[PDB]
Amino acid sequence: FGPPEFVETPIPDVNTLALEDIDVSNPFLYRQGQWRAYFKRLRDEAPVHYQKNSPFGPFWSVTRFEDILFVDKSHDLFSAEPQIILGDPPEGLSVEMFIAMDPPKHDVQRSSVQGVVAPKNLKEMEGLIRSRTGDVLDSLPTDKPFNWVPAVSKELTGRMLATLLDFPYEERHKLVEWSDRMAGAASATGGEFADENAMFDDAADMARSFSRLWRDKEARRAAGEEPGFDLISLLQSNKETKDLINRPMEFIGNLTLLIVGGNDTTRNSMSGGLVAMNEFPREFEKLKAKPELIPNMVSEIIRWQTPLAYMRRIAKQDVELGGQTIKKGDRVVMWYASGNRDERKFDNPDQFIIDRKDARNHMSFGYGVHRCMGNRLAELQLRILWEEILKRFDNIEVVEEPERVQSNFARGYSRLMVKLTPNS
Ligand code: HEM
Ligand SMILES: O=C(O)CCCCCCCCCCCO
């Protein structure tokens with residue numbers, strides 16, 4: 001009812017702009033290394049900022065750590081419904097996910113899946129995660145450079161996603177392709193996926209594949225296969241969700257949220273730690289001399305990378321924030337990527353400091369009722385990755401400037417060319 005194009009051009013210095021003309025929805029800001037200066041000007045001089053004009057329509061940017069905490073925690077004032085990316089999904093491809101729901105329904109839906117990351121289950125999966133990590137690292141050449149993104153970050157992420165859903169291992173690349181094309185929709189995040197035809201094909205292949213999986217698993221259960229750790233087994237084991245297939249919106253929304261949830265977040269945290277080490281190489285010497293730093297370092301990698309730059313909200317009513325009046329119905333973008341660089345919260349915020357004692361207080365997982373469900377699984381994979389790196393490699397060299405992904409939402413890497421030096 002009723003009545004887009006992204007081509008990269010050089011982004012000017014933020015000092016050339018009127019404050020009202022600063023548009024941080026531009027999906028090339030991370031790639032061009034202008035994002036830090038743009039968010040700093042907002043934090044300093046317009047921390048609750050209204051952009052009247054953008055390809056996504058108008059929106060507020062909330063850029064200080066303390067103000068983002070308030071917006072994220074205050075779901076009575078700032079709704080996550082109906083979407084949490086800045087723009088809109090293409091027509092015909094809106095799916096309800098509980099990341100874009102408010103309590104109480106949010107809490108009900110999250111409760112139906114949260115067992116898949118139960119701490120007892122993560123512990124039992126440590127052997128498999130570590131095996132995959134070591135096998136992947138042992139397979140890498142040490143006599144020439146290679147692209148870390150496909151060989152390590154995407155490889156490990158795809159196996160993890162297959163495990164979460166007990167998805168056919170040989171088809172696991174499909175979970176990643178489907179997640180990429182959803183999160184990368186041009187109309188939603190300024191990503192490079194602008195062919196609505198391929199999105200319609202995916203959305204239908206995926207729904208057909210999840211239904212086959214559900215039916216295969218219920219047929220396998222009916223034939224006596226013992227239930228496992230995966231999401232489908234858990235849903236089919238609980239009275240509330242044993243019939244979830246008959247609720248197509250809930251069924252597709254829960255399965256897709258789990259796959260998108262861990263797809264480029266994992267991947268880009270795995271890559272981003274190497275980039276941060278490359279910029280701050282003394283931290284790798286510190287790590288080798290004190291390997292017990294790995295858990296805190298994992299938090300600092302996640303803070304410094306901030307794999308998801310924001311989550312969006314809609315004001316439920318007029319709200320005074322930062323000396324501005326956000327109007328009812330306005331979109332409000334919580335820029336975690338800015339909050340984690342806010343010097344009001346973190347001293348020397350742009351430095352990667354792997355023993356930073358407050359690194360765990362970052363906002364890369366958000367805060368409030370939507371605080372990332374997969375946080376401990378993300379931390380676990382990163383811990384095991386770095387433990388297995390330290391066993392094998394005395395040095396890691398980045399041999400070319402990394403290529404960064406076009407998106408205003410995912411902060412990530414498509415090319416990361418690495419040369420390994422094995423230890424003695
Ligand atoms: C370093 C890795 C990750 C980062 C930075 C990250 C980031 C986030 C963020 C920012 C949110 C929303 C927070 C908010 O609105 O307040 C979120 C929610 C969520 N994440 Fe993650 N995520 C990561 C890994 C994962 C993994 C591995 C999974 C699944 C295994 C996952 C599943 C989810 C789900 C299901 C939600 C929705 C939670 C809710 O709405 O209650 N995430 N994540
Ligand atoms: O399908 C829709 O309706 C819109 C989906 C937009 C993309 C959803 C992105 C969710 C990323 C969650 C990552 C959590 O760790």
Side-chain angles (χ1 to χ4, degrees), residues 68-69 71-75 78 80 82-90 92-103 106-114 116-117 121-122 125 156-157 160-161 163-165 178-185 187-189 191 193 199 202-203 206 231 249 253-273 298-299 301-303 305-313 334-337 339-340 362-382 407 409-412:
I68 292 161
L69 292 184
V71 175
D72 218 346
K73 290 174 185 199
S74 296
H75 54 270
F78 294 103
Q83 298 289 325
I84 49 64
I85 40 70
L86 199 147
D88 302 295
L93 290 315
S94 274
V95 181
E96 292 174 8
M97 295 176 193
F98 62 79
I99 193 171
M101 293 175 187
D102 296 327
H106 158 269
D107 307 347
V108 170
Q109 302 253 29
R110 178 169 169 156
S111 80
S112 77
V113 305
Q114 65 174 350
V116 77
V117 295
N121 282 11
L122 301 190
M125 290 192 314
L156 290 173
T157 297
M160 185 78 244
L161 292 181
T163 282
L164 288 175
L165 283 202
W178 294 331
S179 297
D180 283 352
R181 201 171 266 103
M182 295 178 172
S187 58
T189 60
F193 298 107
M199 302 171 189
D202 280 8
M206 181 186 211
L231 177 60
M249 193 46 156
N254 286 342
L255 271 51
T256 62
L257 176 59
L258 192 75
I259 300 300
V260 177
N263 178 31
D264 57 40
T265 45
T266 303
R267 179 206 308 178
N268 289 321
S269 292
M270 293 188 167
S271 300
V298 165
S299 290
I301 291 170
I302 290 169
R303 179 193 76 81
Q305 181 60 36
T306 307
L308 295 186
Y310 68 83
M311 288 280 154
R312 181 261 278 196
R313 304 287 186 253
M334 298 181 299
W335 288 103
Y336 303 133
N340 281 330
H362 69 75
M363 52 177 38
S364 297
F365 295 131
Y367 277 99
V369 301
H370 295 286
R371 190 189 197 270
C372 178
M373 193 185 79
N375 62 312
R376 301 303 195 198
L377 176 58
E379 290 166 349
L380 174 65
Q381 291 176 274
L382 290 163
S407 183
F409 179 64
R411 286 159 47 89

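In this chain, numbering begins with 1 at the start of the sequence shown. Whatever order the structure lists ligands and atoms in, that order sets their numbers, starting from 1.
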(request) Measure from atom 8 (C) of ligand 2 to every heavy atom in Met97, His370, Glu96, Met182 and give the option owning the shortest one. (result) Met97
(message) How long is the straight-line distance from CE of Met206 back to CG of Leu255, given to the nearest 0.5 Å?
(response) 8.0 Å
(request) Answer with side chain, backbone, both or neither: which part of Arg110 has a heavy atom less than 4.0 angstrom from an atom of ligand 1? (result) side chain
(message) At under 4.0 Å between heavy atoms, is it the side chain or the backbone of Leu308 that contacts ligand 2, or both, or neither?
(response) side chain
(message) I want to confirm something. Looking only at heavy atoms, which of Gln381, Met101, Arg313, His362 is nearest to atom 15 (O) of ligand 1?
(response) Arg313
(request) Name the closest protein heavy atom to atom 6 (C) of ligand 2, giving the residue it belongs to and the distance to 0.1 Å. (result) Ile85 CG1, 3.7 Å
(request) Give yes or no for whether the N/O distance cutoff of 3.5 Å, strictly under, is met between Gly262 and ligand 2. (result) no
(message) Heavy-atom pairs closer than 4.0 Å: do any link ligand 2 to the side chain of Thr256, the backbone, both, or neither?
(response) neither
(message) Just to be sure I read this right, does ligand 2 sit under 4.0 Å from the backbone of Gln83, its side chain, both, or neither, counting only heavy atoms?
(response) side chain
(message) What protein N/O/S atoms are there under 2.8 Å from atom 21 (Fe) of ligand 1, waters excluded?
(response) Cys372 SG
(message) If the contact criterion is a heavy-atom separation under 4.0 Å, does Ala188 count as touching ligand 2?
(response) no
(request) Distance to 0.1 Å, residue and atom name: give those for the protein heavy atom nearest to atom 41 (O) of ligand 1. (result) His106 NE2, 2.6 Å
(request) Run the numbers for me: atoms of ligand 2, each under 4.0 Å from some heavy atom of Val260, listed by number. (result) 9 (C), 10 (C), 11 (C)
(message) Tell me whether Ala183 has any N or O atom under 3.5 angstrom from an N or O of ligand 2.
(response) no
